[PDB]
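Below are two forms of the same protein chain, given as structure tokens: structure 1, then structure 2.
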Structure 1
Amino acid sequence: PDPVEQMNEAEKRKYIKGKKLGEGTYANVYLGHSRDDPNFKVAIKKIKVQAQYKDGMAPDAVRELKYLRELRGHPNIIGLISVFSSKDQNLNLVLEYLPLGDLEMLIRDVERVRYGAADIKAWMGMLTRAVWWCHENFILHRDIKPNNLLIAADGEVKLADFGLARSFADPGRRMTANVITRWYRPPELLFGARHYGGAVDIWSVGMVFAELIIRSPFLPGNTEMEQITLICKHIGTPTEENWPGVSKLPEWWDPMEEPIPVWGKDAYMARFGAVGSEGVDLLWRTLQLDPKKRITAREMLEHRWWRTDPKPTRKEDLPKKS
């Protein structure tokens, strides 16, 4: 009988629920369609309570509810169409319909899915534009990876999982060092850095970039020490010369082996040359050990690779899953 309750029910009636597309630990997704336009499809994510969390609403739920609304309006961020409470006191997010899966399943399906340099260029353009829109609105994603890049019906890629996002912290405001999946975490976060910036996201983008080129995770460590060792091995050992003050980070650790000099652009050409010299340049600029010298999303969108032939593939021509 509450006015807000009947308003929520009126908003819930706007969309007819259909088949259950997925069953996840975080939420359950159903197909749906607008009541005024049954041709307009939609995904209804009903967030299921997590019995493991005793502190009320889960942080990922709050973070999505906030930032998906803040960032809505960009073609490369998943659109939060609506939000409403169900009769069973649960949260429901009416979102864009993205039936073509994600980018991880395209990368992994090496037997059947074929893509080339122009396709990687188009996908990286989408991802970079999404991250640029994030940072332009002072939001860190902190969990960029292939399976969080959904693909729409027309082929446009949308950044999706915002359960770890956070607004840009003010000076002296400490942030968590435990964000971003291990394989995609920048060196400063592995070292426990508490005052970082947008560079942390760029690193993940680079790690996505690399993973698109070799179609396998670049640095797939099973422990934080394994991740640090892999970064020292394949990118370069951080030292006071290339990264002033790195040894003073809250959780700085070094395997205490012979230091490896930071590999230059040319060193990558042997493995990633599939994207061409210019392309590799971008890769290198995203994988700088010192986040201060790491390229920014705006600088990235202005890089020479995007205008270098061959031009990126039109989204209508991008590879689809089989």
Structure 2
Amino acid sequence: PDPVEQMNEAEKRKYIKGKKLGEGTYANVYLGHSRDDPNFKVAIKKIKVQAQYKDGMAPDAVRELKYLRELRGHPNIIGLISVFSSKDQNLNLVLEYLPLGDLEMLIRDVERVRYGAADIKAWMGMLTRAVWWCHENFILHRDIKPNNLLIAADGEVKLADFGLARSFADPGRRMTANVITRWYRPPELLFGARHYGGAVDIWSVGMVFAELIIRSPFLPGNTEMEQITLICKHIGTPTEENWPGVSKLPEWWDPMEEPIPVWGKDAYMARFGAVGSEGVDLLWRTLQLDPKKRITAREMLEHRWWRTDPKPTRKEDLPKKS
């Protein structure tokens, strides 16, 4: 009988729920379509407001609701079409329908999916624009990885999971060091840094870039000490020389082995040479140990790799899942 309650029901009537595309304790995904245009399809994520959490609404729900609306409008960010409350006091997100899956399953499908350097350049262009748009709006994603990169019907890749996102903190405002999946976590976060910036996301992009080239995770450490050791082995040992004050981080740790000098651009050519010199130039700038000398998302978009041949593949010609 409440005026807001009937307004929510009027909004729920705008979209007709269909097949259950996904099940889960946190959320359930259903196929849907507008009542005024049944050809306009939509995905309805039914967030179970009660998901074994004793502190009320879960942070991943609050963050998605806030930042997906804030970032709405960009072609490489999953569009939040509408939000309405369910009869059972559950939260529902009407989202862009992205039927072609994500980038992880393409990368994992080594037997059937074939893609080349021009396709990597097309995907990376989409991802870089997404992270650029996030930072342009002072938002950190803090969980970039292949399986969080969903693919639209036309081939455009969209950044999706914002459950760990946060607005740019002010100076002196401490942030959590426990963000970003381990394999994509930058060294400053592995060291417990509490005052970081966009560079933390650029590092994850560098790992997605590297993972695309070799079609396997670059540094798949099983523990934080393994992740630290792996970065030391494959990128270089962070030291006070290349990263002043690094040893002063709240959780700085070193395997206490013979330090490995930081590898230069040439060293990456052997393994990641598929994208060429200019491509490995970009990769190397995204994987700088000191986040201060790490390339930014805006700088990334003006790099020469994009305008160097071969030109990126058109999204309509990108590989589809089998």
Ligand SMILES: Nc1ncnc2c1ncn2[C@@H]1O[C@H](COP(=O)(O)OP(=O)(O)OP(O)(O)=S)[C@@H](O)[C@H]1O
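Here, residue number means position along structure 1's sequence, counting from 1. We call the rigid core whatever largest set of C-alpha positions still superposes within 1.5 Å between the two forms.
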| note | Matching the form deposited without the ligand against both blocks gives structure 2
| said: On a rigid core superposition, would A270 pass a 2 Å threshold for CA movement between structures 1 and 2? | reply: no
| Quick one: once the rigid core is lined up, does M256 have its C-alpha move by 2 Å or more between structures 1 and 2? | no
| task | Take the rigid core as the frame of reference and indicate whether the C-alpha of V62 shifts by 2 Å or more between structures 1 and 2. | result | no
| task | Any chance you could measure the C-alpha shift of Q50 between structures 1 and 2 with the core superposed, in Å? | result | 4.6
| message | Once both forms are fitted on the core, what is the Cα shift for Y26 between structures 1 and 2 in Å? | response | 2.1
| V205: how far does its C-alpha move between structures 1 and 2, core aligned, in angstrom? | 0.2
